[PDB]
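Here is the structure we will look at.
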Amino acid sequence: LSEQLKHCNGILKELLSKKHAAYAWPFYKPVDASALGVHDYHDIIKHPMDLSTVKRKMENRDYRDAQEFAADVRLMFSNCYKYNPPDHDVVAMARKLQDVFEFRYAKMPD
Ligand SMILES: C=CC[C@@H](C(=O)NCC)[C@@H]1N=C(c2ccc(Cl)cc2)c2cc(OC)ccc2-n2c(C)nnc21
């Protein structure tokens, strides 16, 4: 990995760690629309994303730069905001986790 992508991998480890598990767990695996009963999810969200998919792409060295990594993580959060009403518990959780991501991502090295 490039030096910037190592920082990205370190953020990803933190997002999956026990410290943040109370609000991060909804984002661990892909949305199973049938299991959750949200039969309109794939009509509204055209590009699903989740942390296990980000992790698999990083493992296979599939990100070209830090920007591609950030776009996926932000996609994951934007899907959550797009589908759900603003006062929903899961949107608060997404908020909370995204503040962890954005704060540490802003500390990128040269
Ligand atoms: C995709 C389904 C929509 C949400 C839902 O279940 N109900 C609202 C109509 C759902 N809520 C949640 C959710 C709702 C309440 C609380 Cl406290 C935590 C998560 C959700 C749950 C999961 O369990 C394995 C996985 C993905 C979730 N998720 C994401 C991500 N964005 N919305 C959700």
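Remark: segment 67-81, residue by residue, has Karplus-estimated 3J(HN,Hα) of 5, 5, 5, 4, 4, 4, 5, 5, 4, 3, 5, 4, 4, 4, 5 Hz, where x stands for each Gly or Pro and the curve is 6.51 cos²θ - 1.76 cosθ + 1.60 at θ = phi - 60°.
Which FRET efficiency value, to the nearest 0.05, is calculated for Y83 and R61 with the Förster distance at 35 angstrom and r the Cβ-Cβ distance?
Working: r = 31 Å, r/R0 = 0.88.
The value I calculate is 0.70.
Based on the convex hull around the alpha carbon atoms, the chain presents an average projected area of 7.1 nm².
Given the C-alpha centroids of segment 73-95 and segment 7-64, what is the distance between them in whole angstrom? Using only Cα atoms, the two centres lie 12 Å from each other.
Between helix 3-16 and the chain there is an angle of about 40 degrees, using the helix long axis and the longest principal axis of the Cα atoms. Each peptide in 51-63, 80-92 was scored by the mean count of other Cβ atoms within 10 Å over its residues; highest first, the order is 51-63, 80-92.
Considering Cα pairs under 8 angstrom that are at least six residues apart, work out the relative contact order of the chain and quote it in whole percent.
Details: 87 pairs, mean separation 42.4, N = 110.
The value is 39 percent.
Sorting the segments 94-104, 11-21 by their mean number of nearby beta carbons within 10 angstrom, highest to lowest, gives 94-104, 11-21.
Using ideal geometry, Cβ is built from the backbone for each residue, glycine included, and neighbour counts are taken over all protein chains shown. Read-outs: derived from the displayed coordinates by stated rules, not from any lab.
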